[PDB]
Amino acid sequence: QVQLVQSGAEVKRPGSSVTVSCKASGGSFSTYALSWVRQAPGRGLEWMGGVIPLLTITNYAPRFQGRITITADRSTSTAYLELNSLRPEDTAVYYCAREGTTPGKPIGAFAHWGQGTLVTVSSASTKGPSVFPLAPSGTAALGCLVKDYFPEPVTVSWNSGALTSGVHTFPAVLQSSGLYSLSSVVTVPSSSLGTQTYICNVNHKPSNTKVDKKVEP
Amino acid sequence: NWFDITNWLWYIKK
Amino acid sequence: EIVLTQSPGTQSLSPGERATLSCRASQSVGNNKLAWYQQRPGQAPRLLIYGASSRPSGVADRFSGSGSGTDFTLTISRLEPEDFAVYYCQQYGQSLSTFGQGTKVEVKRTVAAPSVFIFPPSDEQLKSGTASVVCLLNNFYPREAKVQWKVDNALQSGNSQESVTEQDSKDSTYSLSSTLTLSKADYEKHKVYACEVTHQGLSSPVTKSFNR
Ligand SMILES: [Cl-]
């Protein structure tokens with residue numbers, strides 16, 4: 001019944017301000033508490049603050065007091081988070097979350113979550129990756145190195161999705177340049193190297209880089 | 001506790 | 001500020017086993033306003049328990065919450081495959097709400113040593129002026145592993161990065177990839193490129209290497 005839909009990913013320069021929106025459908029927007037929660041890459045959840053729209057009563061975590069504004073527009077059932085003075089440490093997925101109801105009495109705890117909004121704080125420009133083979137030397141390993149792209153994400157398949165067994169696609173790492181790199185590998189029978197073709201399909205939508213790299217011995 | 005406000009609102013609007 | 005401690009931060013368990021996860025608060029939580037959430041990779045958290053012991057409709061009754069004051073427990077009566085995930089506690093008994101750091105429930109399996117592979121840079125990359133050397137540690141368990149790069153036997157620092165996959169849904173192993181990067185000119189100064197791997201499954205370290 002209640003659905004929260006957030007605005008899309010954004011790249012922001014250091015020192016800038018970001019606004020993230022959350023449009024709610026279902027239930028009662030004005031009388032239920034809406035909070036923002038963020039999660040930095042590979043890290044835990046952090047409650048940032050919330051608002052109760054009917055009352056225009058905000059509640060910010062002390063860590064963000066002075067750097068955040070949460071507002072709500074009853075005419076569009078939209079809540080907004082503003083976070084200022086951005087730094088690399090603010091790179092995170094930002095979630096809106098609304099308290100649940102009993103089977104409506106509010107329960108405080110967050111039953112309804114938005115899909116999240118990735119905010120990347122960086123001075124980097126959009127860049128498509130170079131795709132390099134990791135050539136195979138009973139079992140062989142081979143792969144592709146997807147180097148120097150921005151921003152996230154990249155997707156990788158093998159043989160147009162026909163090859164999944166034995167595939168490992170690793171989380172990206174953020175290089176000193178501010179560009180990302182990732183690798184994808186597969187292990188296969190050594191005997192298949194003569195007869196079977198292995199192609200890594202790399203997709204980086206922001207740069208329109210769509211490479212199907214044949215990896216051979 | 002700010003997290004109890006909406007419960008109060010619910011009670012008074014019934 | 002109330003600090004919520006979830007210890008241990010990982011539990012390795014088998015399917016079908018009981019799990020009990022602890023959340024200890026630094027001060028008493030107001031009116032037992034303690035919630036538990038599950039989170040899977042790539043997904044928003046999902047509410048399992050609120051008010052220390054209340055369970056939303058929709059949530060499986062194998063999850064239960066108990067405790068009061070400063071001592072709370074999430075119990076999973078019998079672990080299903082989908083229950084291997086991260087669990088967070090949250091207190092909301094005062095205006096400053098806080099989360100615990102999370103406990104990952106992961107699948108226990110037998111120790112598996114990594115299979116190690118090293119990949120020289122491609123000729124394509126070298127043409128462009130840069131050399132990336134990759135080391136793969138494949139299908140190991142448990143997660144803890146260490147890679148060290150050595151170039152003509154000199155231990156490298158600051159010129160590599162690594163990452164680790166999520167636990168494999170079929171065989172419950174992990175894999176790790178590390179990339180060492182140099183300029184082409186620096187790469188051409190050295191002969192032997194080696195990655196040295198340490199893991200519980202190995203009685204002594206394994207080195208894979210090539211000569212440039
Ligand atoms: Cl469930």
# chains A, B, ... in the order shown; residues from 1 in each chain; ligands from 1
$ residues_near_ligand --ligand "ligand 1" --cutoff "10 Å" --atoms "only C-alpha atoms and all ligand atoms" --output "PyMOL selection string"
chain C and resi 38+46-48+55-63+82-83
$ write_last_selection --atoms "N, CA, C and O atoms" --output "short mmCIF file (atom, residue, chain, number, x, y, z; two decimals), in the first residue's frame"
data_model
loop_
_atom_site.label_atom_id
_atom_site.label_comp_id
_atom_site.auth_asym_id
_atom_site.auth_seq_id
_atom_site.Cartn_x
_atom_site.Cartn_y
_atom_site.Cartn_z
N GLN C 38 16.55 -6.69 8.64
CA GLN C 38 17.38 -7.52 7.80
C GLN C 38 17.79 -6.75 6.56
O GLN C 38 16.98 -5.98 6.05
N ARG C 46 14.79 -4.21 5.78
CA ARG C 46 13.43 -4.68 5.94
C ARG C 46 13.20 -4.88 7.43
O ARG C 46 13.97 -5.59 8.09
N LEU C 47 12.10 -4.32 7.93
CA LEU C 47 11.73 -4.42 9.35
C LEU C 47 11.29 -5.83 9.71
O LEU C 47 10.37 -6.39 9.08
N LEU C 48 11.92 -6.41 10.74
CA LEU C 48 11.50 -7.71 11.26
C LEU C 48 10.74 -7.65 12.59
O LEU C 48 9.80 -8.41 12.81
N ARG C 55 6.10 -8.28 15.94
CA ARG C 55 6.47 -8.70 14.62
C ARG C 55 5.39 -8.24 13.61
O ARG C 55 4.20 -8.60 13.77
N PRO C 56 5.76 -7.50 12.58
CA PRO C 56 4.80 -7.13 11.53
C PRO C 56 4.18 -8.34 10.85
O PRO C 56 4.81 -9.39 10.73
N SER C 57 2.94 -8.18 10.40
CA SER C 57 2.36 -9.17 9.53
C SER C 57 3.25 -9.21 8.27
O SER C 57 3.79 -8.19 7.72
N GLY C 58 3.45 -10.41 7.83
CA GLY C 58 4.23 -10.61 6.66
C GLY C 58 5.53 -11.20 7.06
O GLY C 58 6.11 -11.91 6.28
N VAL C 59 6.00 -10.87 8.28
CA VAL C 59 7.32 -11.37 8.70
C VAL C 59 7.20 -12.77 9.24
O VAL C 59 6.32 -13.05 10.06
N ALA C 60 8.12 -13.64 8.85
CA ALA C 60 8.09 -15.04 9.31
C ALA C 60 8.19 -15.19 10.80
O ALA C 60 9.01 -14.55 11.46
N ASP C 61 7.36 -16.05 11.36
CA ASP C 61 7.32 -16.26 12.80
C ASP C 61 8.51 -17.05 13.33
O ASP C 61 8.61 -17.25 14.56
N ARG C 62 9.43 -17.48 12.47
CA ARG C 62 10.69 -17.98 12.97
C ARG C 62 11.59 -16.86 13.53
O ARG C 62 12.54 -17.16 14.22
N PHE C 63 11.26 -15.60 13.21
CA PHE C 63 11.98 -14.46 13.84
C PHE C 63 11.23 -14.03 15.09
O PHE C 63 10.02 -13.78 15.01
N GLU C 82 17.49 -18.21 2.88
CA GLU C 82 17.30 -16.77 2.74
C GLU C 82 17.62 -15.95 4.01
O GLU C 82 17.67 -14.72 3.94
N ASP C 83 17.88 -16.62 5.13
CA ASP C 83 18.11 -15.91 6.38
C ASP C 83 19.56 -15.50 6.55
O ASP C 83 19.91 -14.82 7.52
#
$ residues_around --residues "range 26-37 of chain C" --least-positions-apart "5" --cutoff "10 Å" --atoms "only C-alpha atoms" --output "PyMOL selection string"
(chain A and resi 107-111) or (chain B and resi 1+3-4) or (chain C and resi 1-5+44-55+63-74+86-94+97-100+102)
$ write_last_selection --atoms "C-alpha atoms" --output "PDB file, in the first residue's frame"
ATOM      1  CA  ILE A 107       4.860   2.104  15.320  1.00  0.00           C
ATOM      2  CA  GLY A 108       7.929   4.382  15.117  1.00  0.00           C
ATOM      3  CA  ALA A 109      10.143   1.703  13.546  1.00  0.00           C
ATOM      4  CA  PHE A 110      10.700   1.964   9.768  1.00  0.00           C
ATOM      5  CA  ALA A 111       8.451  -0.381   7.800  1.00  0.00           C
TER       6      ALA A 111
ATOM      7  CA  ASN B   1      10.854  11.477  22.436  1.00  0.00           C
ATOM      8  CA  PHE B   3       9.397   9.137  17.897  1.00  0.00           C
ATOM      9  CA  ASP B   4       6.283   9.174  20.115  1.00  0.00           C
TER      10      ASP B   4
ATOM     11  CA  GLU C   1      23.922   9.156  22.641  1.00  0.00           C
ATOM     12  CA  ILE C   2      22.965   5.530  23.054  1.00  0.00           C
ATOM     13  CA  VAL C   3      25.557   3.151  21.632  1.00  0.00           C
ATOM     14  CA  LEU C   4      24.217  -0.194  20.473  1.00  0.00           C
ATOM     15  CA  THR C   5      26.723  -3.031  20.448  1.00  0.00           C
ATOM     16  CA  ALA C  44      16.924  -1.597   1.355  1.00  0.00           C
ATOM     17  CA  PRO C  45      16.619  -2.888   4.937  1.00  0.00           C
ATOM     18  CA  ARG C  46      13.430  -4.685   5.935  1.00  0.00           C
ATOM     19  CA  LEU C  47      11.731  -4.422   9.354  1.00  0.00           C
ATOM     20  CA  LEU C  48      11.499  -7.710  11.260  1.00  0.00           C
ATOM     21  CA  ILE C  49      10.687  -6.671  14.863  1.00  0.00           C
ATOM     22  CA  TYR C  50       9.614  -3.471  16.564  1.00  0.00           C
ATOM     23  CA  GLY C  51       9.050  -2.540  20.182  1.00  0.00           C
ATOM     24  CA  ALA C  52      11.578  -5.268  21.171  1.00  0.00           C
ATOM     25  CA  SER C  53       9.152  -8.186  20.527  1.00  0.00           C
ATOM     26  CA  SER C  54       6.407  -7.183  18.065  1.00  0.00           C
ATOM     27  CA  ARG C  55       6.465  -8.704  14.616  1.00  0.00           C
ATOM     28  CA  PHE C  63      11.979 -14.462  13.839  1.00  0.00           C
ATOM     29  CA  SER C  64      11.349 -13.379  17.416  1.00  0.00           C
ATOM     30  CA  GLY C  65      12.569 -10.563  19.582  1.00  0.00           C
ATOM     31  CA  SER C  66      13.041 -10.438  23.291  1.00  0.00           C
ATOM     32  CA  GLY C  67      14.691  -8.453  26.001  1.00  0.00           C
ATOM     33  CA  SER C  68      14.246  -5.098  27.724  1.00  0.00           C
ATOM     34  CA  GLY C  69      16.305  -2.315  29.197  1.00  0.00           C
ATOM     35  CA  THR C  70      19.815  -2.728  27.814  1.00  0.00           C
ATOM     36  CA  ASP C  71      19.788  -6.382  26.718  1.00  0.00           C
ATOM     37  CA  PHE C  72      17.974  -7.444  23.541  1.00  0.00           C
ATOM     38  CA  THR C  73      17.994 -10.564  21.428  1.00  0.00           C
ATOM     39  CA  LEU C  74      16.839 -11.502  17.948  1.00  0.00           C
ATOM     40  CA  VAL C  86      22.918  -8.781   7.740  1.00  0.00           C
ATOM     41  CA  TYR C  87      20.846  -7.886  10.779  1.00  0.00           C
ATOM     42  CA  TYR C  88      20.766  -4.424  12.411  1.00  0.00           C
ATOM     43  CA  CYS C  89      19.263  -3.333  15.682  1.00  0.00           C
ATOM     44  CA  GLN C  90      17.957   0.234  16.155  1.00  0.00           C
ATOM     45  CA  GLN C  91      16.779   2.119  19.213  1.00  0.00           C
ATOM     46  CA  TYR C  92      14.195   4.879  18.920  1.00  0.00           C
ATOM     47  CA  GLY C  93      13.435   5.481  22.591  1.00  0.00           C
ATOM     48  CA  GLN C  94      14.827   8.960  22.478  1.00  0.00           C
ATOM     49  CA  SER C  97      17.889   7.235  17.098  1.00  0.00           C
ATOM     50  CA  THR C  98      20.912   5.001  16.637  1.00  0.00           C
ATOM     51  CA  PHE C  99      21.717   1.711  14.879  1.00  0.00           C
ATOM     52  CA  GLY C 100      24.053  -1.047  15.850  1.00  0.00           C
ATOM     53  CA  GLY C 102      25.211  -5.019  12.165  1.00  0.00           C
TER      54      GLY C 102
END
$ residues_around --residues "residue 9 in chain B" --least-positions-apart "5" --cutoff "12 Å" --atoms "only C-alpha atoms" --output "PDB file with N, CA and C atoms, in the first residue's frame"
ATOM      1  N   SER A  30       0.786  13.251   5.984  1.00  0.00           N
ATOM      2  CA  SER A  30       1.061  14.336   6.923  1.00  0.00           C
ATOM      3  C   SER A  30       1.243  13.900   8.371  1.00  0.00           C
ATOM      4  N   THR A  31       0.648  12.769   8.756  1.00  0.00           N
ATOM      5  CA  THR A  31       0.634  12.396  10.174  1.00  0.00           C
ATOM      6  C   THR A  31       1.564  11.238  10.538  1.00  0.00           C
ATOM      7  N   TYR A  32       2.478  10.879   9.620  1.00  0.00           N
ATOM      8  CA  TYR A  32       3.429   9.799   9.871  1.00  0.00           C
ATOM      9  C   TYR A  32       4.845  10.336   9.695  1.00  0.00           C
ATOM     10  N   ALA A  33       5.736   9.828  10.530  1.00  0.00           N
ATOM     11  CA  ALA A  33       7.106  10.312  10.559  1.00  0.00           C
ATOM     12  C   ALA A  33       7.944   9.707   9.426  1.00  0.00           C
ATOM     13  N   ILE A  52       8.013  15.298  10.715  1.00  0.00           N
ATOM     14  CA  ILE A  52       6.598  14.978  10.763  1.00  0.00           C
ATOM     15  C   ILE A  52       5.899  16.114  10.003  1.00  0.00           C
ATOM     16  N   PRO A  53       5.304  15.820   8.848  1.00  0.00           N
ATOM     17  CA  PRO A  53       4.890  16.976   8.020  1.00  0.00           C
ATOM     18  C   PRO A  53       3.818  17.864   8.638  1.00  0.00           C
ATOM     19  N   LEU A  54       2.782  17.278   9.266  1.00  0.00           N
ATOM     20  CA  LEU A  54       1.607  18.085   9.722  1.00  0.00           C
ATOM     21  C   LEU A  54       2.036  19.128  10.664  1.00  0.00           C
ATOM     22  N   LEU A  55       3.048  18.781  11.451  1.00  0.00           N
ATOM     23  CA  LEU A  55       3.486  19.625  12.529  1.00  0.00           C
ATOM     24  C   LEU A  55       4.710  20.497  12.201  1.00  0.00           C
ATOM     25  N   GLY A 104      -4.673   3.624  11.183  1.00  0.00           N
ATOM     26  CA  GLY A 104      -3.441   2.887  11.517  1.00  0.00           C
ATOM     27  C   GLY A 104      -2.567   3.500  12.615  1.00  0.00           C
ATOM     28  N   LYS A 105      -2.420   2.782  13.743  1.00  0.00           N
ATOM     29  CA  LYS A 105      -1.543   3.286  14.824  1.00  0.00           C
ATOM     30  C   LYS A 105      -0.062   3.222  14.432  1.00  0.00           C
ATOM     31  N   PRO A 106       0.646   4.361  14.516  1.00  0.00           N
ATOM     32  CA  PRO A 106       2.053   4.337  14.094  1.00  0.00           C
ATOM     33  C   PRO A 106       2.963   3.589  15.056  1.00  0.00           C
TER      34      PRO A 106
ATOM     35  N   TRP B   2      10.774  12.402  20.182  1.00  0.00           N
ATOM     36  CA  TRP B   2      10.165  12.738  18.920  1.00  0.00           C
ATOM     37  C   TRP B   2       9.471  11.542  18.265  1.00  0.00           C
ATOM     38  N   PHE B   3      10.014  10.342  18.477  1.00  0.00           N
ATOM     39  CA  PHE B   3       9.397   9.137  17.897  1.00  0.00           C
ATOM     40  C   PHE B   3       8.032   8.726  18.459  1.00  0.00           C
ATOM     41  N   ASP B   4       7.612   9.381  19.547  1.00  0.00           N
ATOM     42  CA  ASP B   4       6.283   9.174  20.115  1.00  0.00           C
ATOM     43  C   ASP B   4       5.267  10.198  19.660  1.00  0.00           C
ATOM     44  N   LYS B  14      -8.356  10.417  16.516  1.00  0.00           N
ATOM     45  CA  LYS B  14      -9.450   9.453  16.637  1.00  0.00           C
ATOM     46  C   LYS B  14     -10.705  10.120  17.209  1.00  0.00           C
TER      47      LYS B  14
END
$ residues_around --residues "residue 129 in chain C" --least-positions-apart "6" --cutoff "9 Å" --atoms "only C-alpha atoms" --output "PyMOL selection string"
chain C and resi 183-185
$ residues_around --residues "residue 105 in chain C" --least-positions-apart "2" --cutoff "10 Å" --atoms "only C-alpha atoms" --output "PyMOL selection string"
chain C and resi 8-14+19+21+79+83-87+102-103+107-108
$ write_last_selection --atoms "N, CA and C atoms" --output "PDB file, in the first residue's frame"
ATOM      1  N   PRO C   8      28.822 -11.093  18.453  1.00  0.00           N
ATOM      2  CA  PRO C   8      29.804 -10.838  17.403  1.00  0.00           C
ATOM      3  C   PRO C   8      29.247 -10.180  16.179  1.00  0.00           C
ATOM      4  N   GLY C   9      30.120  -9.587  15.384  1.00  0.00           N
ATOM      5  CA  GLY C   9      29.726  -8.950  14.126  1.00  0.00           C
ATOM      6  C   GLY C   9      29.463  -9.898  12.968  1.00  0.00           C
ATOM      7  N   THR C  10      29.935 -11.138  13.106  1.00  0.00           N
ATOM      8  CA  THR C  10      29.635 -12.211  12.161  1.00  0.00           C
ATOM      9  C   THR C  10      29.296 -13.443  12.975  1.00  0.00           C
ATOM     10  N   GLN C  11      28.310 -14.199  12.498  1.00  0.00           N
ATOM     11  CA  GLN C  11      28.080 -15.557  12.983  1.00  0.00           C
ATOM     12  C   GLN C  11      28.054 -16.531  11.835  1.00  0.00           C
ATOM     13  N   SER C  12      28.898 -17.564  11.922  1.00  0.00           N
ATOM     14  CA  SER C  12      28.930 -18.611  10.890  1.00  0.00           C
ATOM     15  C   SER C  12      28.097 -19.804  11.376  1.00  0.00           C
ATOM     16  N   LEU C  13      26.977 -20.059  10.714  1.00  0.00           N
ATOM     17  CA  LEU C  13      26.052 -21.090  11.126  1.00  0.00           C
ATOM     18  C   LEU C  13      25.588 -21.943   9.963  1.00  0.00           C
ATOM     19  N   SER C  14      24.993 -23.093  10.273  1.00  0.00           N
ATOM     20  CA  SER C  14      24.453 -23.970   9.242  1.00  0.00           C
ATOM     21  C   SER C  14      22.991 -23.790   9.040  1.00  0.00           C
ATOM     22  N   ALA C  19      19.720 -19.398  15.634  1.00  0.00           N
ATOM     23  CA  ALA C  19      20.618 -18.241  15.791  1.00  0.00           C
ATOM     24  C   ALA C  19      20.076 -17.315  16.848  1.00  0.00           C
ATOM     25  N   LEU C  21      21.109 -13.459  18.192  1.00  0.00           N
ATOM     26  CA  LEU C  21      21.877 -12.237  17.952  1.00  0.00           C
ATOM     27  C   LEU C  21      21.604 -11.242  19.079  1.00  0.00           C
ATOM     28  N   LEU C  79      17.296 -21.572  10.782  1.00  0.00           N
ATOM     29  CA  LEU C  79      17.773 -20.815   9.651  1.00  0.00           C
ATOM     30  C   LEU C  79      17.404 -21.440   8.311  1.00  0.00           C
ATOM     31  N   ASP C  83      17.878 -16.623   5.127  1.00  0.00           N
ATOM     32  CA  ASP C  83      18.115 -15.915   6.382  1.00  0.00           C
ATOM     33  C   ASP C  83      19.561 -15.502   6.553  1.00  0.00           C
ATOM     34  N   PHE C  84      20.431 -15.964   5.674  1.00  0.00           N
ATOM     35  CA  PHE C  84      21.824 -15.579   5.700  1.00  0.00           C
ATOM     36  C   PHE C  84      21.905 -14.197   5.065  1.00  0.00           C
ATOM     37  N   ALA C  85      22.109 -13.215   5.916  1.00  0.00           N
ATOM     38  CA  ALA C  85      21.965 -11.793   5.582  1.00  0.00           C
ATOM     39  C   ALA C  85      22.559 -11.001   6.731  1.00  0.00           C
ATOM     40  N   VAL C  86      22.468  -9.670   6.640  1.00  0.00           N
ATOM     41  CA  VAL C  86      22.918  -8.781   7.740  1.00  0.00           C
ATOM     42  C   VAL C  86      21.725  -8.315   8.529  1.00  0.00           C
ATOM     43  N   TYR C  87      21.887  -8.278   9.840  1.00  0.00           N
ATOM     44  CA  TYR C  87      20.846  -7.886  10.779  1.00  0.00           C
ATOM     45  C   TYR C  87      21.321  -6.670  11.591  1.00  0.00           C
ATOM     46  N   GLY C 102      25.651  -3.900  12.993  1.00  0.00           N
ATOM     47  CA  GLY C 102      25.211  -5.019  12.165  1.00  0.00           C
ATOM     48  C   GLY C 102      25.895  -6.314  12.535  1.00  0.00           C
ATOM     49  N   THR C 103      25.169  -7.429  12.369  1.00  0.00           N
ATOM     50  CA  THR C 103      25.757  -8.770  12.458  1.00  0.00           C
ATOM     51  C   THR C 103      25.415  -9.498  11.164  1.00  0.00           C
ATOM     52  N   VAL C 107      27.089 -18.594   6.060  1.00  0.00           N
ATOM     53  CA  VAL C 107      27.003 -20.038   6.036  1.00  0.00           C
ATOM     54  C   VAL C 107      28.333 -20.621   6.425  1.00  0.00           C
ATOM     55  N   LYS C 108      28.335 -21.423   7.478  1.00  0.00           N
ATOM     56  CA  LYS C 108      29.484 -22.253   7.834  1.00  0.00           C
ATOM     57  C   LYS C 108      29.618 -23.425   6.856  1.00  0.00           C
TER      58      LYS C 108
END
$ select_by_dssp --residues "range 168-205 of chain C" --states "alpha helix (DSSP H)" --output "PyMOL selection string"
chain C and resi 184-187
$ closest_residue --among "A:172, A:119, A:51, A:79" --to "chain C" --atoms "only C-alpha atoms"
A:172
$ atom_distance --atom1 "CA of residue 113 in chain A" --atom2 "CA of residue 40 in chain A"
16.7 Å
$ atom_distance --atom1 "CA of residue 180 in chain C" --atom2 "CA of residue 150 in chain A"
19.7 Å
$ atom_distance --atom1 "CA of residue 80 in chain A" --atom2 "CA of residue 5 in chain A"
11.7 Å
$ residues_around --residues "range 141-151 of chain C" --least-positions-apart "6" --cutoff "7 Å" --atoms "only C-alpha atoms" --output "number ranges by chain"
C: 111-113, 173-174, 190, 192-199
$ write_last_selection --atoms "C-alpha atoms" --output "tab-separated table (two decimals), in the first residue's frame"
chain	number	residue	atom	x	y	z
C	111	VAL	CA	37.70	-24.93	5.21
C	112	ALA	CA	38.71	-24.49	1.57
C	113	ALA	CA	42.12	-23.12	0.56
C	173	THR	CA	32.91	-19.78	-0.65
C	174	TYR	CA	34.50	-16.40	-1.17
C	190	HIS	CA	61.59	-5.40	-12.80
C	192	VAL	CA	59.67	-11.23	-11.19
C	193	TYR	CA	56.05	-10.38	-10.28
C	194	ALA	CA	54.62	-12.44	-7.46
C	195	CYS	CA	51.58	-12.65	-5.25
C	196	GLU	CA	51.92	-14.45	-1.95
C	197	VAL	CA	48.78	-15.76	-0.31
C	198	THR	CA	48.04	-16.68	3.34
C	199	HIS	CA	44.90	-18.47	4.44
